[PDB]
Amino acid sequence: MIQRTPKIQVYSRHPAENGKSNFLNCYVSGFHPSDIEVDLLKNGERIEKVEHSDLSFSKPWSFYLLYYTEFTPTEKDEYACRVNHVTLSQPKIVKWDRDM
C-alpha cells in the first residue's frame, strides 16, 4: 500500500475569451488513496453549486482533482477550499488569497 497527503492550491482565473468572468479554483494534487471530500467555502459556508470537478491520474498511485466554479468576489468576502482525506486527521482549510 501507499498513501500520500494532497497538496492544495486555491486561486482565481479569468478565461481569456471572456475576461469579465472569474473562476475560483481548488487544485488538489498528487494524492493516494483516491477517496476524498472537497468543498469551496464562502464566508465559512459550503458552496453548493460547483460546476466543474475533473479527476485524473498519472502513475496508478497518484491522483489530481481540479474543482472550480464561476464567482463574483467582493473585498469583504472570504473564500476557501476545505479537504478531507485519510491522511488528514482534521479537515484542512486553505484560504484564497484575494491577490491570487
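Sequential numbering from 1, following the sequence displayed.
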Would you determine, from the values in the PDB entry, which of 40-48 and 58-66 has the greater average C-alpha temperature factor? 40-48
Selected stretch [higher average CA B-factor]: 23-31 or 67-75: 67-75
Of 89, 9, 12, 18, which one's C-alpha B factor is largest in the deposited record? 18
Sorting the chain's modelled residues by C-alpha B-factor, tell me whether residue 100 ends up in the lowest, middle or highest third. highest
